[PDB]
Amino acid sequence: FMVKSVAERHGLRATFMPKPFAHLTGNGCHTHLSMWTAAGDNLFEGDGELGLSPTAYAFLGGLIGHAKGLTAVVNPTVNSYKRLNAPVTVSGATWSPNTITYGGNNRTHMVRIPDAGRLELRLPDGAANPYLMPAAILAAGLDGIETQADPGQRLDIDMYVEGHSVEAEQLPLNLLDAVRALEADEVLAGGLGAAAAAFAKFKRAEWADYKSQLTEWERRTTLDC
Amino acid sequence: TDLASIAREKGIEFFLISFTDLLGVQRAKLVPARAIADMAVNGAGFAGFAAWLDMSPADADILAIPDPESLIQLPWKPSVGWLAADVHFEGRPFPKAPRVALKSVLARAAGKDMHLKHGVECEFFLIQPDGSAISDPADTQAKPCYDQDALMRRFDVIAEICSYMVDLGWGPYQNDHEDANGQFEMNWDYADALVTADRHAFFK
Ligand SMILES: Nc1ncnc2c1ncn2[C@@H]1O[C@H](COP(=O)(O)OP(=O)(O)NP(=O)(O)O)[C@@H](O)[C@H]1O
Ligand SMILES: C[S@](=N)(=O)CC[C@H](N)C(=O)O
Ligand SMILES: [Mg+2]
Ligand SMILES: [Mg+2]
Ligand SMILES: [Mg+2]
């Protein structure tokens, strides 16, 4: 609200749209995450790989496990899916996640470990709801901690270059598929309560509206069929 | 051959006595039939430096001696006869002139009983007269090669030229739209290298 308001006062306009230009990097909203006790200790701080604790990695396990449904919430628009799995931009990289994977200090994954004691979830975009996003992430993380979820193996590769080199699960490719995953995800749907079903209904309505819009690409490439 | 008689028989009123310079530019004099007998023997005079031949303004005239066997009545304007010519300078064939240079190479090969024959694939685009765009705004698809639609959209131009090649005896056998939008190709039988070279020059 502040950015949009001040931009206007300067005769400019601000947009948090996930992918406002087809050939340029999109708007992310990465969240750096840590879990603390009331006494002021960071539970993610640890002696495991990269300065992380088993609690941190179980939380990551929740993120990985629930990634499909989580995508619906933190990538909540049709347009979100043009930021994810995007073709290479003029600057040489999209910098957004393509796959359900994590690396170290490595910006080509769904999750990056930027430094000891925290996780960076790089999945969300500028459309992500400021409340549903932490809520959805937390629900997924808590369940990871409760089930001692295994996040799998860290990938120290450039996933844009060497995604083919490894077997990795792709993120949902469009809003409708992400929403279906949300609805089928009990932990997530139950963690968000009635907000999840309400959200899903709205997003389905948006999809039905979008999927009927004729595009210029279609006209150009189909008129002469 | 007797060019004056042919002129009278076939109703040719003018001849283009034509030569190709180093840069490929067709240079010609348009001469009325009444003057062809003289020109065919002595050649048409030009200031060589004014064409791409690498001469001097101070040099004597080159003389373009037409090859009567190359005669072509312009099929779109049959009152005009086109002739390919060899540039002569100081009483000898001029070695800087493309056609003369080819004839020399050919003569060496021929002295060894080896005769080059070739065919040419002279791809071209059809574009707007101002050169801004291709002639056909509906020719847009990513793989346009051999496109039936775009080919037939220019049927009149292509068919006309092909039929001229039929009448001239070049043995044309196919035409199509090529791989770039706006691009075309018209093929005809290979021949002795000099024949093909002359036809190449006329074709363009
Ligand atoms: N023995 C030969 N010597 C010289 N030229 C020949 C000979 N036989 C055929 N040709 C000529 O070779 C040319 C063939 O060109 P074309 O029909 O366009 O075939 P292509 O080169 O396989 N086509 P493209 O896909 O455009 O490269 C014609 O001009 C033929 O007449
Ligand atoms: C990696 S970065 N240089 O922080 C860019 C992130 C990118 N805008 C994104 O879509 O997340
Ligand atoms: Mg970041
Ligand atoms: Mg060809
Ligand atoms: Mg070709």
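Residues numbered from 1 in each chain as written, not as in the entry; some residues may be left out. Chains lettered and ligands numbered in written order. Part of a larger assembly, values for the part shown. Heavy atoms only, no water.

For this coordinate set, the PDB header names X-ray crystallography as the determination method and states a resolution of 2.2950 Å.

You'll find chain B entered in the PDB entry as Type III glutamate--ammonia ligase, with Rhodovulum sp. 12E13 given as the organism. This deposition appears in the PDB under the title "GmaS in complex with AMPPNP and MetSox".

Chain A appears in the PDB entry as Type III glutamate--ammonia ligase from Rhodovulum sp. 12E13.

## Section: the coordination of the magnesium ion (ligand 5)
Residue and element names in this part refer to chain B. Stated formally: In this description, a donor is an N, O or S atom within 2.8 Å of the metal centre, a cutoff extended to 3.2 Å for sodium, potassium and calcium. Water is not part of the atom list, which can make sites seem incomplete. Going along the chain from the N terminus, every DSSP run of H or I of four or more residues is numbered as a helix, and every run of E of two or more is numbered as a strand.
Around the magnesium ion (ligand 5), the donor atoms from the protein are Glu123 (OE), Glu178 (OE) and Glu185 (OE), and they sit 2.4 Å away. Along the chain, the residues that donate to the magnesium ion (ligand 5) are spaced as E-x54-E-x6-E. Taken as an interatomic distance, the gap from the magnesium ion (ligand 5) to the magnesium ion (ligand 4) is 3.4 Å; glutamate 185 donates to each of them. With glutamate 123 in the loop between strand 8 (117-118) and strand 9 (124-125) and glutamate 185 in strand 11 (residues 183-188), this pair connects stretches of sequence that are 62 residues apart.

## What to know about the sheet that holds strand 3 (residues 119-121) of chain A
Residue and element names in this part refer to chain A. Under the convention used in this document: Following DSSP output, two strands are said to pair if at least two bridges run between them. In this description, contact between two residues means that some pair of their heavy atoms is separated by no more than 4.5 Å. Fitting a line to C-alpha atoms yields each axis, with helices limited to the stretch in contact; the angle taken between N-to-C directions then spans 0 to 180 degrees.
If you trace the three strands from one edge of the open sheet to the other, you get 1-3-2, paired in antiparallel fashion. Edge strands, defined here as strands with exactly one partner in the open sheet, are strand 1 (31-33) and strand 2 (111-112). Of the pairings in the sheet, the one linking strand 1 to strand 3 comprises three bridges and is antiparallel in character. Paired with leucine 33 across the two strands is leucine 119, which belongs to strand 3. On the sheet, helix 2 (residues 54-65) packs against strand 1, strand 2 and strand 3 and is oriented at approximately 10° with respect to strand 3.

## Observations concerning the environment of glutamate 216 of chain A
Residues and elements named next belong to chain A. Under the convention used in this document: Residue exposure (1.4 Å probe, protein chains only): buried if accessible area is under 20% of the type maximum, exposed if over 50%, otherwise partly exposed.
Summarising the element assignment, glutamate 216 is placed in helix 10 (residues 216-222). Overall, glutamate 216 belongs to the exposed group, its relative accessible area being 55%. Through-space distance from the C-alpha of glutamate 216 to that of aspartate 150 is 45 Å; in sequence the pair is 66 residues apart.

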